[PDB]
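One chain is shown next in structure tokens, namely the form deposited in one PDB entry.
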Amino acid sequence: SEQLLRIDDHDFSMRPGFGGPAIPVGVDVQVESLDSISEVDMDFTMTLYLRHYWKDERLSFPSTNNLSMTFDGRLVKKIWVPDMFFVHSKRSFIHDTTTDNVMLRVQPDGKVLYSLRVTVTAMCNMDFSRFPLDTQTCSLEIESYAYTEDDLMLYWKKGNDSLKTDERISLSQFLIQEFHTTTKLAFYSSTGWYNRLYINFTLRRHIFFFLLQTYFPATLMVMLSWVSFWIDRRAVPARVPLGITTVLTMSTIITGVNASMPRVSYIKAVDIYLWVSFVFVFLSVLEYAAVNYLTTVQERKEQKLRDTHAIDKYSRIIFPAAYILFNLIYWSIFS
């Protein structure tokens, strides 16, 4: 097999058509699965099959039929192959169990198919301002390293049909949709122009889970503090312990939520809702202090000279009305 191909009779350190027009190379991609996603480091891991198509007359061999030959990764070190690399990637490797996952198929006229299986991790900027209602977009980029557009031309072989996805791809806490491909030209100041390929998709969260865990407990505790407005003001040993204990219960809820969320160090949409509810509970404690002080002053004044309080009556209306107004404004901005 190494004698039909003129391996030793040709210099394979130079691209086909050296000194002439650029050689076109086609790319096909099949996505196998998505492994994991990190919200702190802002990256994702993908596994895929990568295929290349090009023609090289130096690899032609005589044959009485159209039967193509198949080779392994050992022949790759001798023949010339493209050097595509993934831009903005953090780490990547090629599987080698039980051997290198590389195949080569050579047509009698010199057409070559080159395929390999590779896992790549790529960075992706994310914005958590609208958490947990945020929507994230990611992209993967493929580009030639050493050859500019004047020497190598890169394109999708079959347009938008060149991308295939496994039917079983899924994520534990995200929903994946809208796979499509695009192309663009990249420029480097000290090297020149390059062709670049893109693979795009979108991610979404499960809204209903976060509503039950975070928004639901907060609302109940706020409504629970409104009970004290209906208890008799003369029961000092009852009104005071109820108010302070509700603040303690709210504090533990906020602390627990922060520990479960990722260590994102800036204000998010969920943080605004929780701390506003904390202020409402705090204001209810000061409300009884005014009632107690005024009642004591009035009783002492009558003794020196010798029914529901007005504050309680209005608090029963103002407090529920203010909280509903806050919800309408909050949900109108954050959809």
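One-based numbering along the sequence shown. Here, rigid core means the biggest group of C-alpha atoms that superpose within 1.5 Å across both forms.
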- Message: When the other structures of this protein are compared, and only where the residues around it are present, is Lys301 absent from a third or more of them?
- Response: no
- Task: Using what the record says, work out whether there is a hole in the model between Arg306 and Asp307 and how many deposited residues it spans (none, 1 to 3, 4 to 9, 10 or more).
- Result: 10 or more
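Omitted from view is the form deposited in another entry, to which the following refers.
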- Message: Is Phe18 displaced by at least 2 Å at its C-alpha between this form and the one not shown when the rigid core is overlaid?
- Response: no
- Query: Is the C-alpha displacement of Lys111 equal to or greater than 2 Å between this form and the one not shown once the rigid core has been superposed?
  - Reply: no
- Task: Just say closer or farther for the C-alpha distance from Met126 to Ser260 in the other form, relative to the shown form; it changes by 3 Å or more.
- Result: closer
